Each structure stands twice: as structure tokens, then as C-alpha cells.
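Enquirer: Partial complex follows, first chain(s) only, in situ:
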Amino acid sequence: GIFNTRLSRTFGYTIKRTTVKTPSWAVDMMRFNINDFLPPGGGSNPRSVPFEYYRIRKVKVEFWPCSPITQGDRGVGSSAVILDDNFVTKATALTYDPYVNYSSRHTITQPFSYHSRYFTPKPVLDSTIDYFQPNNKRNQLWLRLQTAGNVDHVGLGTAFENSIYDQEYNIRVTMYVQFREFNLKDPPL
Amino acid sequence: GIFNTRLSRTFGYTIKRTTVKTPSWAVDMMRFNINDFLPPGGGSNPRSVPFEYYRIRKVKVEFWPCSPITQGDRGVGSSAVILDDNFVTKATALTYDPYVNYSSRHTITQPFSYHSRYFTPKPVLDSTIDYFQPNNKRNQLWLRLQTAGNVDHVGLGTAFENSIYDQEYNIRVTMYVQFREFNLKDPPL
Amino acid sequence: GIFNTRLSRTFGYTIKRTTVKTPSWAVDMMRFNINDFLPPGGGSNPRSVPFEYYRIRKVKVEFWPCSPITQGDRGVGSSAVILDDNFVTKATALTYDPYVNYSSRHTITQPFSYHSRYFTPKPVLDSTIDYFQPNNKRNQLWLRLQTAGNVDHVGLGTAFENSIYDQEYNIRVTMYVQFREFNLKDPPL
């Protein structure tokens, strides 16, 4: 019983100002979990979408700027796809862009420019070995939609060039999911 | 955002014994409401299936017998489709089968025989005028999936021939529904 | 060195009687392990079928009744396919059939009727995440035929309607397996 749908979530991210003169970059990570998109249900149905299995097909991360088009001290960054839960260490002012030479690098124009990334994440099945599957719609694993313990999906790391002014963003993540085995429970009343 | 699924519900019905010698029939009615198939949800989602609109496409009423194949004093009844909420009055021992000459009559062999009816019900929009639509999948009205006040659908009346022995049945109603406009709400936690 | 064969096993299951008047259902689970079908071997060959690897292709669960065709208080249940080791909790008299709205539900006529289910199970690789593969004969994983520690396969849950009389069944599970790498060891004597 397949049901392809779309789930979204919005949150903020700010790159604080720095008095540093050099071009330094601010590094951070981004994971994706389905608990943040799918709330708990009620009653005999533990989740709000009554299905048993799921598998995330795609994610769309949108960096919607919060800064005016008149803001100066512009910069240039990079967003890369990291499917293994080993990101570059979080840094405030690093002397280089680590994600620049990555094959999945897209340039981030800053601060007043929109940046989208559309990709297929991978689940963290074993963080010790960090193995994942290649892209195959027919062979992608089905995970279970747990009650409160779903596994973290992974796949984006960023590097933003710091500035004299604060750079704020409203980040909207949209997960395109595919469920299976409609499992609604209908007790009497 | 269409999602065709199937919802079921099971309950009992008994035709008590009678010392009456004549062939008399027991008349009863059967309505269908979605509250009995779809429970209330939890949180910001008032229902367990997160959709706004619905329309019932078909219903399958199954009279599963509870009586052995050795039971005597067998009989013959009738099930008809009544799409307007004006049934023959409920009777214990009526001297005739009212639903026998109906164009939608199917014979009910009793007591140890299975009887199915598969049809398209109609909602009770105005019980004073009792108007309904003909069968058209493209033009069928969409109703709202209310929280605790959904409208009764209608469409089956029965007439069972009484017997010296009690005739029990386990009735399984299956509604084939079609929802629209996925409306999940995901607050933080 | 492929060898497709067929292994069987027979055991009993009883649904005890209840004085409860309502229609209640008895819920139970069913797992499949190869230790119960393949005994230990002897000598340098740890198992009786001299192969290294295996993968279960199909299982046929047959509910052969033990009850006469004259037994009354008949009922109606459901059998569903559960490929993830999270079954509905075992219950003696539950007020509803949980497996009724499942997409893999087959109706169980009770008590004197035969019920078969033919499906492809999945192994329990990680019970925490509960991931499994879709059906693909060419890409199905090969497991190792361990000596005394094989992994449990999963895939059936049932719901039987209780009755005044005891409902007994002789359940015959047949696993259609596929082995690989003939590994017979022939020491002297």
C-alpha cells in the first residue's frame, strides 16, 4: 500500500559576525530525522500517518535568506553532500573552505541569495562501518516507522564565509517519503 | 491528494426464535457511518487518517453465519438497497417479506449460508426531501471528514425468516473510501 | 552449487474457549527459523544438508483444521504478513481484529476451514532498525547456515475469533530454500 507524499519543516540558522579580517569560513552539519517531520499520533495508532514502513526518496534543503539585498561584505561558500555521518568538524572561523573541492560542491552566494540542494539521503545503519547503498529506486531499503526512535538520515554539510554583519537564514527542509502497509487500527468507542 | 483505501468493522446480529407456526419475517435496517470505521486521532490531527475530504465509493456487507450446517428449520429472506433513510418499519414477526419484490432484492438463504452485497451508498443530505445522486465516479460529491459529527450513509435493509432456533450472524462491513487533501500538522516537540 | 529443495515441519495451535459473549479475537505471532526444519548433522559436517549458504525463497503456512464440520459458533479472522518483528501484542480476547485493515489480510473462516498463506519472508538483520529488502530473486541476500545460531525469519501474524468451543489446528510450515557451496567433508575411517 504505497503512498508517496511530502513533509516539510522550517527552522533557523545564523552565522554570527566576526572581527577577524581574513576570509574565514563557518562549518556546520545537517542531519535529517523523520520525528521532526512526523509527529506522534494518538491512541492505538502511534504515529499520525498510519503506515508501517518508510523510505526517504529525496530531500530538498532550501536556504531562504533573511538579509536585505543591500547588505555588504558579501562572500562565497560551499554545500556538499555527506552520506556517512563523518562531517568536517564544526568550526567558527576556519582558514579555508573544506567543502570546496568536493565533487558534490555547489557554490553558496551570500548573504541575500537562495540556495537549494536536492539529493537522496542515506540512513545511518552502522556508524562504525558507515555503509550505504547507491541510488536505486527499486532496491532501496524499507525502514520501520518507529514510535519515538527513528534513525537519523544524513547528507548535507555547509561552509559559510563569515562577515562583519550577522547572516541569518530560514532553512526549509522538505522530505519526499514513500510509505507502505497502511495499518490503521479502529477500536470501538 | 487522492488515497483510495479500505476500512472494515465487524459486529453481530441475531434473529431470535419464535414459537409462531406461520412463515414470518424479521425486518431490520442498516446504516453506515465513518465514525465507526475511522477512530479519532490525537493532537493537532483530529482524525487518525490525515485527510480533509472523503467520499464513500462502495460498501461490502458480509453476513458471515454463526450456525452449523446441520441446523434445520431453514428459511429464505431478502436483502435490498435503500438509499433514502426510509426503511420498512422494524418488525419481529411480519407476515410477509417486504423486500421481496424490490428490484435490488437478493435472496438470503438461511441460516448457515453466506450473503454478500456490494453497492454504492448515498449520504443523508436532507432527510426531509431525501435526494441523492446517481452513480458517477467523476461527479460524486466530496464530504468533509468531520471530527465527531459525520453524516450517516444508507443503503441496506433486510428481511430474515424466523425459526425455532436462534440465527446468529457476524456482519463485516467494508467501506471503500477515497480521501483528498492530505492535511497533516507537525508542531514541534 | 545451487540446490533448491523443500523443508517442512508440523505443530499445533489451539484457541481456547471463552465465556465472553462479545466477538473478541485472539492474537498471536509466527516466526520461522531454519533450526526447526534442518537438524544438526554428524561429524565434520555440522548440519545434515551439506551446504554453506542459504536464503529462504518462500514459506507456505497451512492451517489444517482439527475440528468437525458440524461445529458451531463459527467466526471470521484475519492473517497478515509482518516482515519486521513488531507484531500486534499477543492477546487472549481483544475487542477487534487488528489485522483486518492490513493490505496483506486474508480472511480466515473458522473453525473447520483450511487457510494457506504463501509469501516470501525476510530475516531479522537488525531488530532496532528493522530493515528488509523488497522481493528480488536475483538480489536476495545469502545468509550463512550456522551450526546452532541461525537468524529468525518473520512474516505472519494471525487473529482468530474466539468461541465457546476449543478450536485446534495442525499447522504445517513448508520452507522453500536455496542453498549454495556444497561443502561435504570426507575424512578417512
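Expert: Structure received. Residues are numbered from 1 along each chain as shown, chains lettered A, B, ... in the order given.

Enquirer: Could you pull up the contacting residues of whichever residue of chain A sits closest to chain B?
Expert: Here chain A gets closest to chain B at one residue, residue A:42, 1.2 Å apart by C-beta to the nearest C-beta. Yep, even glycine has a C-beta here, placed from its N, CA and C like the rest. With contacts defined as C-beta atoms under 8 Å, 6 or more residues apart in numbering or on different chains, residue A:42 is in contact with A:48, B:40-43, B:45, B:48.

Enquirer: Please name the nearest non-neighbouring residue to it.
Expert: Nearest residue to residue A:42, sequence neighbours excluded (C-beta to C-beta, 6 or more residues apart in numbering or on different chains): residue B:42, at 1.2 Å.

Enquirer: Now the phi/psi pair for that neighbour, please.
Expert: Residue B:42 adopts backbone torsions of phi -160, psi 130, taken as degrees, to the nearest 10.

Enquirer: Beta-bridge partners for the residue of chain A closest to chain B, please?
Expert: On the basis of DSSP bridges, residue A:42 is bridged to residue A:45.

Enquirer: So which residues on chain A come close to chain C?
Expert: Residues of chain A found near chain C (C-beta under 8 Å from any C-beta of the partner chain) are A:1, A:52-53, A:123, A:125, A:138-139, A:141-144, A:146, A:149, A:151, A:181-188.

Enquirer: Among those residues, name the ones that also lie close to chain B.
Expert: Okay, of those touching chain B (C-beta under 8 Å from any C-beta), that's A:1, A:182, A:184-187.

Enquirer: can you redo those as CSV with secondary structure, neighbour count and distance to residue B:65?
Expert: Shown next, in CSV, are these (DSSP: H, G, I helix; E, B strand; the rest coil; neighbours: other C-beta atoms under 10 Å in any protein chain shown; distance: C-beta to C-beta, whole Å):
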residue, secondary structure, neighbour count, distance to residue B:65
A:1, coil, 18, 30
A:182, strand, 20, 29
A:184, coil, 21, 28
A:185, coil, 18, 27
A:186, coil, 22, 24
A:187, coil, 11, 25
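
Enquirer: next up, chain D:
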Amino acid sequence: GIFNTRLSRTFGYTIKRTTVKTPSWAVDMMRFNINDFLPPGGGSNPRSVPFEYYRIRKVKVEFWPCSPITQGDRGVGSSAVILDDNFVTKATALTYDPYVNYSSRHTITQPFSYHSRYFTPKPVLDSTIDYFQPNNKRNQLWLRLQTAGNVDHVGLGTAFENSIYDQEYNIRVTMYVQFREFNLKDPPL
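Expert: With chain D now in place:
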């Protein structure tokens, strides 16, 4: 339930040295039994390959030398196929090669040369009459895989030319068999 497989076995054979000056030959025989290739099983399965019937299709006898390529006093012998259990009498130093004029003679170069023979043996059904079947894959008799009393198959006799030095060989017999009627027994535990 046919299962064609391959069973092997390795053992030694030595032609001891002789001070005799003349060219003399050492004669010996070679039978084949399935007890030497198939060990006893364990439990309710008396054999390690769980089948009832068998029939030997082919045998490959390989004389793998043990002697260096620098060894002198080389010689020339003969291997013939003897399907009736009446071999030339075993001799240490016979004044001629008895198997030389046989229609199934292959020359054995000695001592450091490989010799293979690939043929279809015959079972010893009656040693008094010594009757056997011609080669026909469709009409070949099925024998029973006994527990500890299988019948000897026959089909090779050799004649090695003696030498001043010892001539050792590691003989690897490979039987290509065909079983029938999978008969595994699975008691409880």
C-alpha cells in the same frame, strides 16, 4: 529429485624398486566403492548425503606423480578398463605388459608424468556370471545407497614398469554420481 554432484578421494600407490635387470611390470587392480567417498551420517539420516538411490556416471582416476623430473630409469606401462572383477593376477615383476593389447589401453609414461582415465564403471551385481550393461544414460540402473554395505564398482587395471628407484604416486579418484529421492528426516529436538 535428481542431484548430480562430484565426490573425491586421495590415496597413495608405490611401485617398489627391483634389482631385476630385465624389463618387468608390476600389475595391480583398482576398484571403486561409495563408502570410501561418502561417510556415514548422523541420527535418523544414515548417510551424509540425504538421498535414497544412486548411480555412478563417470570416474576420473588421476595418477599424480611424486617423483622429480630428473629421475631416470624411465619406463612405459598401460592402464586398461576392466568392467567385470576379473583382473590379471597381481604381480611384482611380470615379464610382459598384460594390458598392452587391450582395446582400452592408454600408455603410462613413467615416473614423473600425469595419467588420467575417464570412464563409466559398472557394478558387481553377480561375480559368478559377471554381467554388465552397456553405456546408456537413460537406462542405467539405480542402486540403493546402503548404510554400510554398498556394492563395489570396478573398471581399472594397471601395469607399471619397475625401476631401480621407487616410483610413488598420489592417486585422486573422482566419482561423478547422480542421486534420487531426497529423504531427509527431521525429528523434533
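
Enquirer: ok now do residue A:83, which residues does it touch?
Expert: Listed by C-beta under 8 Å, 6+ apart, the contact partners of residue A:83 are A:121-122, A:132, A:154-155.

Enquirer: same question, residue A:172
Expert: A:8-10, A:61-62, A:64.

Enquirer: ok, so what distance separates it from residue A:117?
Expert: Separation of residue A:172 from residue A:117 (C-beta to C-beta, to the nearest Å): 12 Å.

Enquirer: likewise residue A:102?
Expert: According to C-beta to C-beta, residue A:102 and residue A:117 sit 12 Å apart.

Enquirer: Please identify every residue contacting each of these two.
Expert: In contact with both residue A:102 and residue A:117: residue A:81, using C-beta under 8 Å, 6+ apart.

Enquirer: wait, what's in contact with the spatially closest residue to residue A:96 that is not a sequence neighbour?
Expert: Counting by C-beta to C-beta, 6+ apart, residue A:25 is the residue found nearest to residue A:96 once chain neighbours are left out, at 6.8 Å. Residue A:25 sits next to A:77, A:91, A:93-98, A:159-162 when contact means C-beta under 8 Å, 6+ apart.

Enquirer: And these, which is closest to residue D:110?
Expert: Closest approach to residue D:110 among the contacts of residue A:25 (C-beta to C-beta): residue A:98, at 72.2 Å.

Enquirer: pretty sure that closest one is in contact with residue A:90, am I right?
Expert: No - counting by C-beta atoms under 8 Å, residue A:90 is not a contact partner of residue A:98; they are 11.2 Å apart.

Enquirer: who has more neighbours, those two?
Expert: residue A:98 (18 against 11; other C-beta atoms under 10 Å in any protein chain shown).

Enquirer: then add chain E to what we have above:
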Amino acid sequence: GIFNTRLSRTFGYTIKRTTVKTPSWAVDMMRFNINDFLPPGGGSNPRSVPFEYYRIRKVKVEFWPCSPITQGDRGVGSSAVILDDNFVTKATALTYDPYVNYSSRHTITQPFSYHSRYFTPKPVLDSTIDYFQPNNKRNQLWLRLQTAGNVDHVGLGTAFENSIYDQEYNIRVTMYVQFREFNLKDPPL
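Expert: Chain E now in position relative to the chains above:
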């Protein structure tokens, strides 16, 4: 960012002499890890090949002899492919060749003969269950190139026939690997 290359490594293996008269075999195992082929890098690049992911496509094990062609007491052994990390126990003088009846057996002529094996190994993801994938270039899992903790690949076991003389070998393993996601890091200086 795919880069198919070839990595090699050379090491020794000796089968010590034995006074035992019988034909006995020496059993041993062979695993493959990428730490032994890929050294650690320097600086911000933890490895010498600047890539993130890898997957081993093929391995070529070459037994290059160290013994002269005049060496006697020759023998015959077997090399088999064992993709599950459960080898025959290491033995000094075992009375039989365990790997002889394996479907992946290749004969090892000893002592002065070259033996190659070219196959696709499998990683040890779970040693408890010992599951692996079949050969599929498109669906083969990508592992992470860890810093100092890579997972052992597996796939060869051997059985060498002992001798009066020591049998030495120089074993050259060549792994044909496929990397992904060039991840060079270029800090200033």
C-alpha cells in the same frame, strides 16, 4: 568522482617440513584489508589516496614459488573462496584436504608451480550472521575509507600438502578498488 586503480602488497608464506609419512595437508586462511595496501596520509588528508568511499571489485592472489624446479616430494593441494569469515581451522598436518570438494576449488600443484586466484571478495559486515551480497557491479555497497579502522575483506582459504622439504612462497595480493568523492583538503602554508 570515480577512480578505478590497482593496489598491491607482497609477503611470504612457508609450509614447514614434516617427518610424517602419510599425505597430510597444512590448512591456513587469508583475509584482505585496505590498511595493508593504503598507508596513512599526512596533514588534513588522513589517507594517501584522497577519497571518501571505496569498494573492492576484485582481488588477485598470486602464489609465486620460491623453490627450484628440481625439488622432489611434490604434492597437490586446493584453494577455495570463503566469503564469510568461517574458515576450516588452521592445521599443521591434517589427514585430508578439506577444500577439495568445494565448488570453488582450484588445484595447487606444489612446490615449484604458480597459482593464481581472481575473485570478488566480500566485507565482514556482521560476523555473527555472516551475510554478503552476490556479484553485482551496479549494486555493490560503498564502504567508507576509514582512518585506521577499515573492515576486513575475506575470500581465500588454502590447503597445502606437506613435504620433507620446506615449501616457501612469495604471495602478491593485488586489489582492484574503486573510489568515490575526491575530498582533498588544501589549507594555506
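
Enquirer: The contacts of residue A:83 with chain E there, same question as before?
Expert: Applying C-beta under 8 Å, 6+ apart, the residues contacting residue A:83 are A:121-122, A:132, A:154-155.

Enquirer: Give me the nearest residue to it, chain neighbours excluded.
Expert: The shortest distance from residue A:83 to any non-neighbouring residue, by C-beta to C-beta, 6+ apart, is to residue A:122 (4.4 Å).

Enquirer: likewise residue A:73?
Expert: Nearest non-adjacent residue to residue A:73, counting by C-beta to C-beta, 6+ apart: residue A:163, 4.4 Å away.

Enquirer: Kindly report the same for residue A:68.
Expert: Leaving aside its chain neighbours, residue A:68 sits nearest to residue A:112 (6.4 Å; criterion: C-beta to C-beta, 6+ apart).

Enquirer: wait, is that neighbour part of a helix?
Expert: No - checked against DSSP: H, G, I helix; E, B strand; the rest coil, residue A:112 lies outside a helix; its state is coil.

Enquirer: do you know how far it is from residue B:94?
Expert: Residue A:112 sits 81 Å away from residue B:94, going by C-beta to C-beta.

Enquirer: send the alpha carbons of stretch A:93-110 over as PDB?
Expert: Extracted C-alpha coordinates of stretch A:93-110, given in PDB (Å, rounded to 0.1, in the frame of the first residue of the first chain):
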ATOM      1  CA  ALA A  93      36.400  30.700  11.800                       C
ATOM      2  CA  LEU A  94      38.300  28.200   9.700                       C
ATOM      3  CA  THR A  95      41.000  29.500   7.400                       C
ATOM      4  CA  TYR A  96      39.700  27.700   4.300                       C
ATOM      5  CA  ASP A  97      36.600  26.200   2.800                       C
ATOM      6  CA  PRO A  98      36.800  22.400   3.300                       C
ATOM      7  CA  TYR A  99      33.800  21.500   1.100                       C
ATOM      8  CA  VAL A 100      35.200  23.400  -1.900                       C
ATOM      9  CA  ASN A 101      37.000  20.600  -3.700                       C
ATOM     10  CA  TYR A 102      34.200  18.100  -3.000                       C
ATOM     11  CA  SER A 103      32.600  16.600  -6.100                       C
ATOM     12  CA  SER A 104      29.100  17.500  -4.700                       C
ATOM     13  CA  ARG A 105      30.000  21.100  -4.000                       C
ATOM     14  CA  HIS A 106      27.600  23.800  -5.000                       C
ATOM     15  CA  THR A 107      28.600  27.400  -4.500                       C
ATOM     16  CA  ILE A 108      26.700  29.400  -1.900                       C
ATOM     17  CA  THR A 109      26.500  33.100  -2.800                       C
ATOM     18  CA  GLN A 110      26.000  35.000   0.400                       C
END
